[PDB]
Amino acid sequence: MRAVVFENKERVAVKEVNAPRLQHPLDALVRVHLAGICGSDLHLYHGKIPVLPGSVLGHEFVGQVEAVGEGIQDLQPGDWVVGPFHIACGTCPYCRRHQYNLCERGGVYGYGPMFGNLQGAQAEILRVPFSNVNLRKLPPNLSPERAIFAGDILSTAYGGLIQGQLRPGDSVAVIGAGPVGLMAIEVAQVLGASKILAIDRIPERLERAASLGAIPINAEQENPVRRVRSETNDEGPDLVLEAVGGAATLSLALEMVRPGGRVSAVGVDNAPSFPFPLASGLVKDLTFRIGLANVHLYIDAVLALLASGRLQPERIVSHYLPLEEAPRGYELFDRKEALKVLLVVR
């Protein structure tokens, strides 16, 4: 198997490694066709997350089924599939509550031993446990390059917005115009937002945000809070989706949002805490949610939207590279020279 592996902080290389085999009756093996590099993968790259050298990286994929365990009914070898970046068992108390992101046997592909110790997706073959839970057949008229987003960054943004109770007419602020933010912007549009505001600090990304229908706001060059408020009757938006990570942007989200509004925090960060407004919080009536995506809950709806053309996430792909050029990909994406990198696996 050709596969991208971690070597040390900020180093990554493509080596020969063993192809995995079926080990459980609900396993499936997937011949990966495309594999993404995610913002989350940068936390690995920068040693923010513990990984052993020689571990296969990546949790974004689309491909075809090679084989299935004796327990799998609805998947055969030909089948084009996509799956959530995180796995779930389907029988623990959290899975029964449909909170698959809190699965007791939960994990994330290619994210090291603190997250299930799973071999990653940037490779020719992927073992998917409990494939009955963790995979979806592609609808017949859907390109793999579109479908791949359903497994991670699109369902993340979608989920953020549904949990944030976005209703038609609502105004929305999105903090972070990276890939996740850009998914959020597009989705917010199709869910009938009356106005969408994108806050970032990189013109290339703000330009992209604007093309998707948002009012761009450079946080380096102005006070985003003052600006967001004037755009929203001096109240603030009904919903804020924060997609950066960290106390700076979270406090921003909480200041920015209107009284009685909702903040949906979706960005990752290491800080153990941040200051949540109390006295002012009581006056303002805030609803706040923070968490990792629960992709399984949303993936079927996201796929139906992709298949029908309502969403076109692949437009944000700046680079399709061969698997062997992965280390360049990581450098590009890290240095913010690529917007989204997709790896073609031969």
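Numbers for residues come from their place in the sequence shown, where the first is 1.
Stretches 193-201 and 157-165 differ in mean C-alpha B factor, with the higher average recorded for 193-201. Two stretches are in play, 100-108 and 245-253, and the higher mean C-alpha B-factor belongs to 245-253. Each of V263, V187, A123, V228 has a CA temperature factor in the record; the biggest one is found at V228.
Which of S171, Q221, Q119, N134 has the largest Cα B-factor in the deposited entry comes down to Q221. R289: CA B factor in the middle third of modelled residues in this chain (values from the PDB entry). Sort the chain's modelled residues by C-alpha temperature factor and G36 lands in the lowest third, per the entry. Residue-level temperature factors show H86 in the lowest third of its chain, judged at the C-alpha atom. Among the modelled residues of the chain, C92 sits in the lowest third by CA temperature factor in this PDB entry.
Annotation for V128: CA B-factor lies in the lowest third of the chain's modelled residues.
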